Amino acid sequence: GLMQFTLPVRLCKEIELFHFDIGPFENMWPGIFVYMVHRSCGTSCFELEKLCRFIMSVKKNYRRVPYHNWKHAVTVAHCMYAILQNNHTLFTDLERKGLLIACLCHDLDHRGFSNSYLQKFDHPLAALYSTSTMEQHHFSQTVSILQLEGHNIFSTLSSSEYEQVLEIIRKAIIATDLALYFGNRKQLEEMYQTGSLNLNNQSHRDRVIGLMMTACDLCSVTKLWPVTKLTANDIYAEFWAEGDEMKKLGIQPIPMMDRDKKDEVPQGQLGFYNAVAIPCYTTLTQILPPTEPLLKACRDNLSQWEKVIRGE
Ligand SMILES: Cc1cccn2nc(CCc3nc(-c4ccccc4)cn3C)nc12
Ligand SMILES: [Mg+2]
Ligand SMILES: [Zn+2]
């Protein structure tokens with residue numbers, strides 16, 4: 001049914017926008033991804049039967065957790081689409097192929113627990129993955145689906161370009177570990193301020209792509225206020241579920257994961273915007289000027305949380 005799916009003409013104009021919310025169109029998400037692939041890469045860059053088989057298998061490998069779910073995957077993929085479409089020339093055909101697949105697969109098989117939980121509580125996954133625990137597992141899940149019968153969408157590529165594309169994917173998924181973002185953004189800010197940033201430099205390229213992955217991962221802060229607030233509910237519901245497990249183990253979780261400290265959510269968001277989000281989209285807008293609407297919408301939601309704090 002996915003190969004026969006067609007996108008409504010009204011969605012065609014609105015999908016191009018940075019602030020587009022996929023929320024209301026759940027039944028259309030697989031077809032929306034296909035549409036986005038064809039517009040960014042071309043109508044023939046993947047075999048349609050293999051692509052539709054890959055997408056539905058990716059969908060199946062997302063769990064029914066409050067936040068890191070199938071919806072989040074498509075939301076991140078859409079924000080990447082808008083970035084790629086507004087900056088199409090700066091990126092190669094292979095980068096466009098890998099980054100959209102990576103965004104859809106970046107949280108594959110997420111359990112709803114942070115990398116800290118798995119490490120501190122000696123979860124099997126943290127045994128084989130030292131740093132960026134879940135992120136390395138997400139890439140491992142992506143390869144596993146690719147290596148299934150009739151799912152290998154890169155099979156028509158040469159062995160040179162096959163190993164090239166999954167390196168883009170690997171680096172992109174690992175970059176979604178927020179722990180690595182803070183250092184990455186500082187370096188990119190430095191490279192820009194000194195006027196020494198170069199897109200032909202491959203280490204610079206992986207870093208810009210890295211910041212792009214974060215920008216897409218956090219893009220719920222770039223939607224219209226009501227969507228932004230509603231997503232926050234899903235985020236904390238997952239955090240609080242992790243905090244409850246720590247409480248059953250006797251340990252008090254950090255206030256972010258403590259449902260009894262939910263009064264400090266507005267100030268918690270305020271902190272997240274000023275320390276994480278605003279800096280992320282500021283540096284991205286500097287490097288890629290067409291991405292400005294992301295920073296504009298993030299600033300608008302910042303003042304909204306400021307408006308929440310002062311009881312307005
Ligand atoms: C909006 C969004 C996107 C992606 C990821 N995240 N992660 C968050 C937690 C924000 C947060 N919330 C608290 C907090 C602290 C004490 C009490 C209640 C909340 C602290 N922080 C940093 N927001 C997001
Ligand atoms: Mg993740
Ligand atoms: Zn994510």
Side-chain angles (χ1 to χ4, degrees), residues 18-19 40 72 75-107 115 131-136 138-139 164-185 188-189 191-192 194-198 200-223 269-302:
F18 280 104
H19 64 264
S40 189
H72 175 67
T75 303
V76 172
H78 165 268
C79 186
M80 183 55 75
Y81 172 73
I83 289 171
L84 294 172
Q85 290 278 112
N86 289 258
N87 301 282
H88 189 269
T89 270
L90 289 160
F91 306 93
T92 69
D93 176 67
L94 201 68
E95 282 176 341
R96 285 186 288 271
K97 287 181 184 183
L99 286 175
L100 283 159
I101 292 298
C103 278
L104 191 83
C105 297
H106 84 286
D107 273 326
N115 286 356
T131 52
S132 305
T133 305
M134 284 304 291
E135 291 77 37
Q136 294 202 65
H138 297 314
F139 174 71
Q164 202 171 151
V165 79
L166 48 70
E167 265 295 301
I168 296 165
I169 292 171
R170 192 190 61 81
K171 288 172 182 178
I173 295 174
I174 299 312
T176 61
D177 179 13
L178 199 58
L180 305 173
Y181 149 80
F182 300 104
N184 191 38
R185 194 221 75 92
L188 256 35
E189 176 79 4
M191 288 171 181
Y192 175 81
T194 59
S196 64
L197 185 71
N198 195 240
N200 302 148
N201 193 315
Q202 183 59 213
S203 74
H204 288 218
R205 198 163 188 88
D206 295 346
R207 283 188 174 263
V208 166
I209 283 167
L211 180 60
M212 280 160 52
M213 290 298 287
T214 310
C216 295
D217 205 18
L218 311 180
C219 80
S220 65
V221 307
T222 69
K223 310 292 166 183
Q269 287 287 313
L270 203 278
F272 183 77
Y273 278 75
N274 283 315
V276 188
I278 296 293
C280 174
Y281 298 106
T282 296
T283 309
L284 188 83
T285 298
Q286 285 166 188
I287 300 166
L288 309 169
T291 66
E292 194 177 324
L294 292 171
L295 176 70
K296 214 272 184 181
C298 185
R299 278 170 178 169
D300 286 338
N301 286 135
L302 166 72

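Residue numbers start at 1 and run along the sequence shown. Worth knowing before you read on, the calculation uses all heavy atoms, side chains too, and leaves out hydrogens, waters and symmetry mates.
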Side-chain heavy-atom pair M134, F139 within 4.5 angstrom cut-off:
no

To the closest 0.5 Å, what do you measure between CZ (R207) and CE (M212)?
15.0 Å

How long is the span from the OG1 atom in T92 to the CG atom in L99, to the nearest 0.5 Å?
8.5 Å

Sorted by first residue and then second, give each salt bridge (charged side-chain N to carboxylate O under 4.0 Å, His left out) pair with at least one member in residues 83-92; sequence neighbours left out.
none

May I ask you to test the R96-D93 pair for a side-chain heavy-atom distance under 4.5 Å?
yes

Could you state the interatomic distance from CD1 (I287) to OG1 (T282), rounded to the nearest 0.5 Å?
11.0 Å

Which atom pairs, one a donor and one an acceptor, fall under 3.5 Å between side chains of residues 214-221 and the rest of the protein, sequence neighbours left out?
| unit_1 | atom_1 | unit_2 | atom_2 | d |
| --- | --- | --- | --- | --- |
| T214 | OG1 | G210 | O | 3.3 |
| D217 | OD1 | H72 | NE2 | 3.1 |
| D217 | OD1 | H106 | NE2 | 3.1 |

Taking the side chain as every heavy atom from C-beta outward, state whether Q136 and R170 have any pair of such atoms under 4.5 Å apart.
no

Within-4.5 Å side-chain heavy-atom neighbours: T222 and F18:
no

Would you give the length of the straight line joining atom CG of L104 to atom CD1 of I169, rounded to the nearest 0.5 angstrom?
10.5 Å

I'd like to know whether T176 forms a side chain to side chain donor-acceptor pair (under 3.5 Å) with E135, so could you lay out the CA-CA distance, the side-chain angles of the two residues, the decisive distance to 0.1 Å, and finally the verdict.
CA-CA 7 Å; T176 61; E135 291 77 37; 4.9 Å; no

Reported CD1-to-CZ distance for the pair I83 and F91, which is rounded to 0.5 angstrom
8.0 Å

Please enumerate all residues that pass salt bridge (charged side-chain N to carboxylate O under 4.0 Å, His left out) together with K223, with sequence neighbours excluded.
none

If you round to the nearest 0.5 Å, how far is CG of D206 from CD of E95?
8.0 Å

Which pair of non-hydrogen atoms, one from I174 and one from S132, has the smallest distance, and what is that distance?
CG2-OG, 4.2 Å

Could you check if a side-chain atom of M213 sits within less than 4.5 angstrom of a side-chain atom of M80, using non-hydrogen atoms only?
yes

Has the side chain of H204 got a donor or acceptor atom that lies under 3.5 Å from a matching backbone atom of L197?
no

Please name all residues satisfying salt bridge (charged side-chain N to carboxylate O under 4.0 Å, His left out) with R299, sequence neighbours left out, ordered by chain then number.
none

Heavy-atom donor-acceptor pair, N184 side chain to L180 backbone, under 3.5 Å
no

Taking side chain to side chain donor-acceptor pair (under 3.5 Å) as the definition, give me every residue that meets it alongside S40, ordered by chain and number, with sequence neighbours left out.
none

Going by atom type alone, with no hydrogens or angles, which donor-acceptor pairs under 3.5 Å involve a side-chain atom of residues 288-296 and a protein atom two or more places apart or on another chain?
| unit_1 | atom_1 | unit_2 | atom_2 | d |
| --- | --- | --- | --- | --- |
| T291 | OG1 | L284 | O | 3.2 |
| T291 | OG1 | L288 | O | 2.6 |

Show, in sequence, the C-alpha distance, side-chain angles and deciding distance for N301 and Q269, and conclude whether the side chain to side chain donor-acceptor pair (under 3.5 Å) test is met.
CA-CA 10 Å; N301 286 135; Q269 287 287 313; over 6 Å; no

Could you tell me which non-hydrogen atom of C280 sits nearest to which non-hydrogen atom of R185, and how far apart they are?
N-CD, 4.2 Å

Would a 4.5 Å heavy-atom cut-off, applied to side chains only, mark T283 and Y192 as touching?
no

